[PDB]
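Structure file input-v7.cif; described as mmCIF, N, CA and C atoms and all ligand atoms.
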```cif
data_my_file
loop_
_atom_site.label_atom_id
_atom_site.label_comp_id
_atom_site.auth_asym_id
_atom_site.auth_seq_id
_atom_site.Cartn_x
_atom_site.Cartn_y
_atom_site.Cartn_z
N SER A 1 55.38 97.24 126.66
CA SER A 1 56.06 95.96 126.55
C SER A 1 57.45 96.07 127.16
N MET A 2 58.22 94.99 127.05
CA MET A 2 59.61 95.02 127.45
C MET A 2 60.51 95.75 126.46
N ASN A 3 60.01 96.07 125.25
CA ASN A 3 60.82 96.58 124.15
C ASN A 3 60.60 98.07 123.90
N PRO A 4 61.67 98.84 123.79
CA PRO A 4 61.55 100.23 123.39
C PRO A 4 61.29 100.34 121.90
N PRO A 5 60.90 101.52 121.42
CA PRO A 5 60.93 101.75 119.99
C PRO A 5 62.34 101.57 119.47
N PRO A 6 62.50 101.08 118.24
CA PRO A 6 63.84 100.87 117.71
C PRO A 6 64.54 102.20 117.50
N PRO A 7 65.87 102.21 117.51
CA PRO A 7 66.60 103.46 117.28
C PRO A 7 66.28 104.07 115.92
N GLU A 8 66.29 105.40 115.88
CA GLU A 8 66.15 106.11 114.62
C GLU A 8 67.28 105.72 113.68
N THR A 9 66.98 105.63 112.39
CA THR A 9 67.98 105.29 111.39
C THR A 9 68.17 106.36 110.33
N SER A 10 67.43 107.46 110.39
CA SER A 10 67.54 108.56 109.44
C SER A 10 67.64 109.88 110.18
N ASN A 11 68.18 110.87 109.47
CA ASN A 11 68.53 112.18 110.03
C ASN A 11 68.14 113.20 108.96
N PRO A 12 66.86 113.60 108.92
CA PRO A 12 66.38 114.35 107.74
C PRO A 12 66.98 115.73 107.60
N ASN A 13 67.31 116.40 108.70
CA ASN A 13 67.91 117.72 108.62
C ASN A 13 69.42 117.68 108.46
N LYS A 14 70.00 116.48 108.31
CA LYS A 14 71.44 116.39 108.09
C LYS A 14 71.72 116.33 106.59
N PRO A 15 72.66 117.12 106.07
CA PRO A 15 72.99 117.02 104.64
C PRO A 15 73.69 115.71 104.34
N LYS A 16 73.44 115.19 103.14
CA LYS A 16 73.98 113.90 102.74
C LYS A 16 75.37 114.09 102.14
N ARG A 17 76.36 113.44 102.74
CA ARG A 17 77.74 113.59 102.31
C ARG A 17 78.45 112.26 102.46
N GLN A 18 79.08 111.81 101.39
CA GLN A 18 79.86 110.59 101.40
C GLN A 18 81.28 110.87 101.86
N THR A 19 81.91 109.87 102.49
CA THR A 19 83.34 109.92 102.78
C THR A 19 83.96 108.54 102.54
N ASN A 20 85.27 108.53 102.29
CA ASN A 20 85.98 107.25 102.15
C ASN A 20 85.79 106.36 103.36
N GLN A 21 85.82 106.95 104.55
CA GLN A 21 85.71 106.14 105.76
C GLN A 21 84.31 105.57 105.92
N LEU A 22 83.28 106.36 105.59
CA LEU A 22 81.92 105.84 105.69
C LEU A 22 81.66 104.76 104.64
N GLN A 23 82.20 104.93 103.43
CA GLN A 23 82.10 103.87 102.43
C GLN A 23 82.75 102.60 102.94
N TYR A 24 83.93 102.73 103.54
CA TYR A 24 84.63 101.58 104.10
C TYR A 24 83.82 100.94 105.22
N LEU A 25 83.22 101.76 106.08
CA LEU A 25 82.46 101.20 107.19
C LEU A 25 81.25 100.41 106.70
N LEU A 26 80.61 100.86 105.62
CA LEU A 26 79.47 100.10 105.11
C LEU A 26 79.92 98.90 104.28
N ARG A 27 80.81 99.12 103.31
CA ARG A 27 81.13 98.14 102.28
C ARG A 27 82.26 97.19 102.66
N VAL A 28 83.01 97.47 103.73
CA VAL A 28 84.01 96.55 104.26
C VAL A 28 83.61 96.07 105.65
N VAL A 29 83.43 96.99 106.61
CA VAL A 29 83.25 96.57 108.00
C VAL A 29 81.88 95.93 108.19
N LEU A 30 80.81 96.69 107.93
CA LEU A 30 79.47 96.16 108.13
C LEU A 30 79.24 94.92 107.26
N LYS A 31 79.59 95.00 105.98
CA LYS A 31 79.37 93.88 105.08
C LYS A 31 80.06 92.61 105.59
N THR A 32 81.32 92.72 106.03
CA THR A 32 82.01 91.52 106.52
C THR A 32 81.34 90.93 107.76
N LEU A 33 80.98 91.78 108.72
CA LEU A 33 80.30 91.26 109.91
C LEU A 33 78.92 90.71 109.56
N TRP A 34 78.20 91.39 108.65
CA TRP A 34 76.83 90.99 108.35
C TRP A 34 76.77 89.59 107.77
N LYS A 35 77.74 89.25 106.92
CA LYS A 35 77.77 87.96 106.25
C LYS A 35 78.24 86.82 107.15
N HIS A 36 78.86 87.14 108.29
CA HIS A 36 79.42 86.12 109.15
C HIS A 36 78.30 85.25 109.71
N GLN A 37 78.60 83.96 109.88
CA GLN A 37 77.56 83.06 110.35
C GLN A 37 77.04 83.41 111.75
N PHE A 38 77.80 84.16 112.58
CA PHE A 38 77.36 84.52 113.92
C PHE A 38 76.64 85.86 113.98
N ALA A 39 76.35 86.47 112.83
CA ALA A 39 75.78 87.80 112.81
C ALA A 39 74.31 87.83 113.20
N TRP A 40 73.57 86.75 112.96
CA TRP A 40 72.11 86.81 113.03
C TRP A 40 71.52 87.31 114.35
N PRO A 41 72.04 86.98 115.55
CA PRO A 41 71.43 87.53 116.78
C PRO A 41 71.63 89.02 116.94
N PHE A 42 72.51 89.62 116.14
CA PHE A 42 72.82 91.03 116.18
C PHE A 42 72.21 91.81 115.03
N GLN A 43 71.45 91.17 114.15
CA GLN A 43 70.99 91.85 112.95
C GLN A 43 69.72 92.66 113.15
N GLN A 44 69.15 92.63 114.34
CA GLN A 44 67.91 93.32 114.67
C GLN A 44 67.93 93.63 116.16
N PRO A 45 67.16 94.63 116.60
CA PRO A 45 67.09 94.91 118.04
C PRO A 45 66.73 93.67 118.83
N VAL A 46 67.28 93.58 120.04
CA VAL A 46 66.96 92.47 120.93
C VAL A 46 65.49 92.55 121.30
N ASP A 47 64.75 91.49 120.98
CA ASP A 47 63.34 91.38 121.37
C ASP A 47 63.30 90.74 122.74
N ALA A 48 63.35 91.57 123.78
CA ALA A 48 63.38 91.05 125.14
C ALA A 48 62.08 90.31 125.49
N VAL A 49 60.97 90.67 124.85
CA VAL A 49 59.71 89.97 125.09
C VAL A 49 59.79 88.53 124.60
N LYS A 50 60.05 88.35 123.30
CA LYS A 50 60.06 87.02 122.72
C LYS A 50 61.20 86.17 123.27
N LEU A 51 62.31 86.80 123.66
CA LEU A 51 63.44 86.08 124.23
C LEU A 51 63.32 85.90 125.73
N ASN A 52 62.32 86.52 126.36
CA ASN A 52 62.11 86.44 127.80
C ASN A 52 63.34 86.89 128.59
N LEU A 53 63.81 88.10 128.28
CA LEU A 53 64.86 88.79 129.03
C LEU A 53 64.27 90.05 129.66
N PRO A 54 63.46 89.92 130.72
CA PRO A 54 62.74 91.09 131.26
C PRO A 54 63.65 92.22 131.73
N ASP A 55 64.87 91.91 132.17
CA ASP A 55 65.76 92.93 132.71
C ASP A 55 66.70 93.51 131.66
N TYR A 56 66.57 93.08 130.40
CA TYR A 56 67.53 93.49 129.38
C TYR A 56 67.58 95.01 129.26
N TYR A 57 66.43 95.63 129.06
CA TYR A 57 66.40 97.07 128.87
C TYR A 57 66.46 97.85 130.18
N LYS A 58 66.50 97.16 131.32
CA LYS A 58 66.89 97.80 132.57
C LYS A 58 68.40 97.96 132.62
N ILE A 59 69.13 96.96 132.14
CA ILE A 59 70.58 97.00 132.17
C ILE A 59 71.13 97.79 130.99
N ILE A 60 70.54 97.63 129.81
CA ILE A 60 71.02 98.26 128.59
C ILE A 60 70.30 99.59 128.39
N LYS A 61 71.02 100.68 128.64
CA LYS A 61 70.46 102.03 128.50
C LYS A 61 70.46 102.52 127.06
N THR A 62 71.40 102.04 126.23
CA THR A 62 71.53 102.47 124.84
C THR A 62 71.46 101.24 123.95
N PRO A 63 70.27 100.79 123.58
CA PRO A 63 70.17 99.64 122.67
C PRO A 63 70.90 99.91 121.36
N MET A 64 71.50 98.85 120.82
CA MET A 64 72.15 98.97 119.52
C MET A 64 72.28 97.60 118.88
N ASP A 65 72.16 97.56 117.55
CA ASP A 65 72.23 96.31 116.81
C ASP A 65 72.77 96.61 115.42
N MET A 66 73.22 95.56 114.73
CA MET A 66 73.81 95.75 113.41
C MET A 66 72.79 96.14 112.34
N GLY A 67 71.52 95.77 112.50
CA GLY A 67 70.53 96.23 111.54
C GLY A 67 70.36 97.74 111.60
N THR A 68 70.32 98.28 112.82
CA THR A 68 70.28 99.73 112.99
C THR A 68 71.50 100.40 112.38
N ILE A 69 72.68 99.83 112.62
CA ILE A 69 73.91 100.39 112.06
C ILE A 69 73.87 100.34 110.54
N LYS A 70 73.46 99.20 109.98
CA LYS A 70 73.37 99.07 108.53
C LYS A 70 72.46 100.14 107.94
N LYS A 71 71.28 100.32 108.54
CA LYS A 71 70.35 101.31 108.00
C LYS A 71 70.86 102.73 108.21
N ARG A 72 71.51 103.00 109.35
CA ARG A 72 72.10 104.31 109.56
C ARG A 72 73.13 104.62 108.47
N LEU A 73 74.00 103.64 108.15
CA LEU A 73 74.95 103.84 107.06
C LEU A 73 74.24 104.05 105.72
N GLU A 74 73.23 103.23 105.44
CA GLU A 74 72.57 103.30 104.14
C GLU A 74 71.77 104.59 103.99
N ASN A 75 71.33 105.17 105.11
CA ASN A 75 70.62 106.45 105.14
C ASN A 75 71.54 107.64 105.40
N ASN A 76 72.86 107.42 105.45
CA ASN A 76 73.83 108.50 105.67
C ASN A 76 73.56 109.26 106.98
N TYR A 77 73.19 108.51 108.02
CA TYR A 77 72.83 109.09 109.32
C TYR A 77 74.05 109.65 110.04
N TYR A 78 75.21 109.04 109.84
CA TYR A 78 76.40 109.38 110.60
C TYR A 78 77.13 110.54 109.95
N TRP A 79 77.53 111.51 110.77
CA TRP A 79 78.34 112.61 110.28
C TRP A 79 79.79 112.22 110.07
N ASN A 80 80.28 111.19 110.77
CA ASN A 80 81.67 110.79 110.62
C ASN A 80 81.82 109.33 111.01
N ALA A 81 83.01 108.80 110.71
CA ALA A 81 83.27 107.39 110.96
C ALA A 81 83.24 107.06 112.45
N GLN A 82 83.70 107.99 113.30
CA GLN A 82 83.76 107.75 114.74
C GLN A 82 82.37 107.49 115.33
N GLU A 83 81.35 108.21 114.86
CA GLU A 83 79.99 107.96 115.34
C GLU A 83 79.56 106.54 115.04
N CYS A 84 79.88 106.05 113.84
CA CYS A 84 79.52 104.69 113.48
C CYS A 84 80.30 103.67 114.32
N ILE A 85 81.62 103.88 114.46
CA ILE A 85 82.42 102.99 115.29
C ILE A 85 81.88 102.95 116.72
N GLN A 86 81.42 104.10 117.24
CA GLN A 86 80.82 104.12 118.57
C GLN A 86 79.62 103.19 118.66
N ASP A 87 78.76 103.20 117.63
CA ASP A 87 77.60 102.31 117.65
C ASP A 87 78.01 100.84 117.66
N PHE A 88 79.01 100.46 116.85
CA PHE A 88 79.51 99.08 116.90
C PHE A 88 80.00 98.76 118.30
N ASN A 89 80.78 99.66 118.89
CA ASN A 89 81.30 99.42 120.23
C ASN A 89 80.16 99.27 121.23
N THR A 90 79.11 100.09 121.12
CA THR A 90 77.97 99.98 122.02
C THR A 90 77.27 98.63 121.88
N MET A 91 77.14 98.14 120.65
CA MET A 91 76.49 96.85 120.45
C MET A 91 77.27 95.76 121.18
N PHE A 92 78.59 95.76 121.03
CA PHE A 92 79.39 94.75 121.73
C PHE A 92 79.35 94.95 123.24
N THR A 93 79.46 96.20 123.69
CA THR A 93 79.41 96.47 125.13
C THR A 93 78.12 95.95 125.74
N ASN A 94 76.98 96.18 125.08
CA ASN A 94 75.70 95.69 125.58
C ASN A 94 75.74 94.19 125.80
N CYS A 95 76.28 93.46 124.83
CA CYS A 95 76.34 92.01 124.95
C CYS A 95 77.22 91.60 126.14
N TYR A 96 78.35 92.27 126.33
CA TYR A 96 79.29 91.87 127.37
C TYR A 96 78.85 92.31 128.76
N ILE A 97 78.01 93.34 128.87
CA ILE A 97 77.56 93.77 130.19
C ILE A 97 76.27 93.08 130.62
N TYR A 98 75.50 92.52 129.69
CA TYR A 98 74.28 91.84 130.06
C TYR A 98 74.46 90.33 130.20
N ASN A 99 75.17 89.71 129.26
CA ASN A 99 75.29 88.26 129.25
C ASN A 99 76.48 87.81 130.07
N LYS A 100 76.40 86.59 130.56
CA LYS A 100 77.48 86.10 131.39
C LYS A 100 78.68 85.71 130.53
N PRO A 101 79.89 86.01 130.98
CA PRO A 101 81.08 85.60 130.23
C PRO A 101 81.00 84.12 129.86
N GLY A 102 81.39 83.81 128.63
CA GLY A 102 81.37 82.44 128.16
C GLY A 102 80.05 81.95 127.57
N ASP A 103 78.96 82.71 127.70
CA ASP A 103 77.71 82.36 127.04
C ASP A 103 77.94 82.28 125.53
N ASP A 104 77.14 81.45 124.86
CA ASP A 104 77.26 81.32 123.41
C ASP A 104 77.17 82.68 122.73
N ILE A 105 76.23 83.52 123.17
CA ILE A 105 76.08 84.84 122.55
C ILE A 105 77.35 85.67 122.75
N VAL A 106 78.02 85.51 123.89
CA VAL A 106 79.25 86.26 124.15
C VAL A 106 80.37 85.76 123.25
N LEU A 107 80.47 84.44 123.09
CA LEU A 107 81.43 83.88 122.14
C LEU A 107 81.15 84.37 120.73
N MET A 108 79.87 84.47 120.35
CA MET A 108 79.60 84.98 119.02
C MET A 108 80.01 86.44 118.90
N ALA A 109 79.70 87.25 119.92
CA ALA A 109 80.10 88.65 119.89
C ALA A 109 81.62 88.79 119.83
N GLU A 110 82.35 87.98 120.59
CA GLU A 110 83.81 88.10 120.60
C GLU A 110 84.39 87.80 119.22
N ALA A 111 83.85 86.80 118.53
CA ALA A 111 84.30 86.50 117.18
C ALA A 111 84.03 87.68 116.24
N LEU A 112 82.83 88.27 116.33
CA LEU A 112 82.51 89.41 115.48
C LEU A 112 83.37 90.61 115.83
N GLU A 113 83.60 90.84 117.13
CA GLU A 113 84.40 91.99 117.54
C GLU A 113 85.83 91.86 117.04
N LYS A 114 86.39 90.65 117.06
CA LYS A 114 87.74 90.46 116.55
C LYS A 114 87.81 90.87 115.08
N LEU A 115 86.83 90.44 114.28
CA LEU A 115 86.79 90.79 112.87
C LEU A 115 86.58 92.29 112.68
N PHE A 116 85.69 92.89 113.47
CA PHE A 116 85.49 94.33 113.45
C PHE A 116 86.81 95.07 113.70
N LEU A 117 87.51 94.73 114.78
CA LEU A 117 88.77 95.41 115.09
C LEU A 117 89.80 95.21 113.98
N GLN A 118 89.86 94.01 113.40
CA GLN A 118 90.78 93.77 112.29
C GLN A 118 90.48 94.70 111.12
N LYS A 119 89.20 94.87 110.79
CA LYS A 119 88.86 95.74 109.67
C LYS A 119 89.06 97.21 110.02
N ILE A 120 88.73 97.60 111.24
CA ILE A 120 88.90 98.99 111.67
C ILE A 120 90.37 99.38 111.64
N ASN A 121 91.27 98.43 111.87
CA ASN A 121 92.68 98.76 111.81
C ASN A 121 93.18 99.05 110.40
N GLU A 122 92.36 98.81 109.37
CA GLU A 122 92.70 99.16 108.00
C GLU A 122 91.84 100.30 107.45
N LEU A 123 91.13 101.01 108.33
CA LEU A 123 90.31 102.13 107.91
C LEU A 123 91.20 103.20 107.26
N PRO A 124 90.83 103.72 106.09
CA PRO A 124 91.62 104.81 105.49
C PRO A 124 91.66 106.02 106.42
N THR A 125 92.79 106.72 106.41
CA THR A 125 92.98 107.85 107.31
C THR A 125 92.41 109.15 106.75
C1 LIG B 201 72.48 90.57 121.34
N1 LIG B 201 71.76 89.44 121.91
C2 LIG B 201 70.96 88.66 121.11
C3 LIG B 201 70.27 87.60 121.57
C4 LIG B 201 69.42 86.80 120.65
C5 LIG B 201 68.70 87.39 119.63
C6 LIG B 201 67.87 86.64 118.82
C7 LIG B 201 67.80 85.27 119.06
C8 LIG B 201 66.87 84.42 118.24
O1 LIG B 201 66.07 84.92 117.46
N2 LIG B 201 67.01 83.09 118.43
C9 LIG B 201 66.23 81.99 118.02
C10 LIG B 201 66.90 80.84 117.61
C11 LIG B 201 66.21 79.82 116.98
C12 LIG B 201 64.86 79.93 116.75
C13 LIG B 201 64.18 81.06 117.16
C14 LIG B 201 64.85 82.11 117.80
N3 LIG B 201 64.15 83.19 118.28
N4 LIG B 201 68.50 84.66 120.03
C15 LIG B 201 69.29 85.42 120.80
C16 LIG B 201 70.40 87.29 122.98
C17 LIG B 201 69.85 86.27 123.82
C18 LIG B 201 70.34 86.48 125.08
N5 LIG B 201 71.17 87.57 125.05
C19 LIG B 201 71.23 88.08 123.78
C20 LIG B 201 71.96 89.18 123.27
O2 LIG B 201 72.69 89.91 123.92
#
```
Mind turning this structure into structure tokens?
Amino acid sequence: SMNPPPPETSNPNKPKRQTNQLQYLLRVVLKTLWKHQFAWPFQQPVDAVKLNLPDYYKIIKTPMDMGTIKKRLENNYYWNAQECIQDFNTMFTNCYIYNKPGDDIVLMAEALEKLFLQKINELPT
């Protein structure tokens, strides 16, 4: 099909360890973006088949979405906060490199990214 397998969300050989920053990323950053009214197109991998975007996965080499990020956090997949922040950045980058500037989806991503950056600027050190 046009769709790859979804990204892995668990890391079985990784030991489970909580950190203040990972708690913040799940319970402040992800939670705030997830509840936002513009979150829904980002809550699951892009279905290029059903959306009829045949070139999506030609352009996007590293698929990423907030559902994957949520499950990675809930499964303690990330070793540190920077890995999680990278996934958020990749999700936004994908939207901005595939869609045309000013598209509704781009406006929705920009609103979410502003909120993300606002919350990331209060991440505990
Ligand atoms: C990250 N991302 C996401 C999307 C995206 C994802 C899901 C839906 C959706 O389910 N809409 C929908 C609305 C109402 C009824 C049924 C359906 N199916 N729409 C858009 C997209 C489209 C072009 N580009 C993107 C894009 O970059």
Which of these residues is nearest to ligand LIG 201 (chain B), using all atoms listed in the file: A:18, A:94, A:125, A:11?
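Looking at the shortest contact to ligand LIG 201 (chain B), the residue is A:94.
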Nearest to ligand LIG 201 (chain B) by atom-to-atom distance, counting all atoms listed in the file, from A:122, A:65, A:74, A:87
A:65
Kindly provide, as JSON, numbers by chain, all nucleotide and amino acid residues lying within 6 Å of ligand LIG 201 (chain B), counting only N, CA and C atoms and all ligand atoms.
{"A": [40, 41, 42, 46, 47, 94, 95, 99, 105]}
Enter the distance from CA of residue 30 (chain A) to CA of residue 70 (chain A), in Å, rounded to one decimal.
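One can read the CA of residue 30 (chain A) to CA of residue 70 (chain A) distance as 6.8 Å.
Coordinates place atom C of residue 37 (chain A) at a distance of 9.4 Å from atom N of residue 109 (chain A).
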From chain A, collect each residue whose DSSP state is helix (DSSP H, G or I) and return the set as a ChimeraX atom specification.
/A:20-35,40-42,48-51,56-59,66-74,81-98,104-120
To one decimal place, how far is atom C of residue 59 (chain A) from CA of residue 90 (chain A) in Å?
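Computing the Euclidean distance for atom C of residue 59 (chain A) and CA of residue 90 (chain A) yields 11.5 Å.
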Within 12 Å of residue 54 (chain A), counting only C-alpha atoms, which residues qualify if same-chain residues fewer than 5 places away don't, as a PyMOL selection string?
chain A and resi 1-3+46-49+59-60+98
Could you name the residues that touch residue 108 (chain A) at 9 Å or less, counting only C-alpha atoms, but leaving out those on the same chain fewer than 5 positions away, as a ChimeraX atom specification?
/A:38-39,41,103,113
Residue among A:100, A:114, A:119, A:14 lying closest to residue 79 (chain A), counting only C-alpha atoms
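Closest candidate: A:14.
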Among the residues A:84, A:22, A:52, A:96, the one that comes closest to residue 66 (chain A) [using only C-alpha atoms]
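Nearest to residue 66 (chain A): A:84.
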N, CA, C and O atoms modelled onto region 47-58 of chain A, as a compact mmCIF listing (two decimals), in the coordinates of the input:
```
# COMPACT_ATOMS: atom_id res chain seq x y z
N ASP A 47 64.75 91.49 120.98
CA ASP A 47 63.34 91.38 121.37
C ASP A 47 63.30 90.74 122.74
O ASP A 47 63.20 89.52 122.88
N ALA A 48 63.35 91.57 123.78
CA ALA A 48 63.38 91.05 125.14
C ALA A 48 62.08 90.31 125.49
O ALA A 48 62.10 89.41 126.33
N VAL A 49 60.97 90.67 124.85
CA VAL A 49 59.71 89.97 125.09
C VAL A 49 59.79 88.53 124.60
O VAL A 49 59.59 87.57 125.36
N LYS A 50 60.05 88.35 123.30
CA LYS A 50 60.06 87.02 122.72
C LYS A 50 61.20 86.17 123.27
O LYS A 50 61.08 84.95 123.34
N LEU A 51 62.31 86.80 123.66
CA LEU A 51 63.44 86.08 124.23
C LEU A 51 63.32 85.90 125.73
O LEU A 51 64.14 85.19 126.33
N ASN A 52 62.32 86.52 126.36
CA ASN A 52 62.11 86.44 127.80
C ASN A 52 63.34 86.89 128.59
O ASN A 52 63.85 86.16 129.45
N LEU A 53 63.81 88.10 128.28
CA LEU A 53 64.86 88.79 129.03
C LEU A 53 64.27 90.05 129.66
O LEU A 53 64.52 91.16 129.17
N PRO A 54 63.46 89.92 130.72
CA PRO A 54 62.74 91.09 131.26
C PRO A 54 63.65 92.22 131.73
O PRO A 54 63.22 93.38 131.73
N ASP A 55 64.87 91.91 132.17
CA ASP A 55 65.76 92.93 132.71
C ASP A 55 66.70 93.51 131.66
O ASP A 55 67.55 94.33 132.00
N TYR A 56 66.57 93.08 130.40
CA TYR A 56 67.53 93.49 129.38
C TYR A 56 67.58 95.01 129.26
O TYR A 56 68.65 95.62 129.34
N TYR A 57 66.43 95.63 129.06
CA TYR A 57 66.40 97.07 128.87
C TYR A 57 66.46 97.85 130.18
O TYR A 57 66.51 99.08 130.14
N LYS A 58 66.50 97.16 131.32
CA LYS A 58 66.89 97.80 132.57
C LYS A 58 68.40 97.96 132.62
O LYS A 58 68.91 99.00 133.05
```
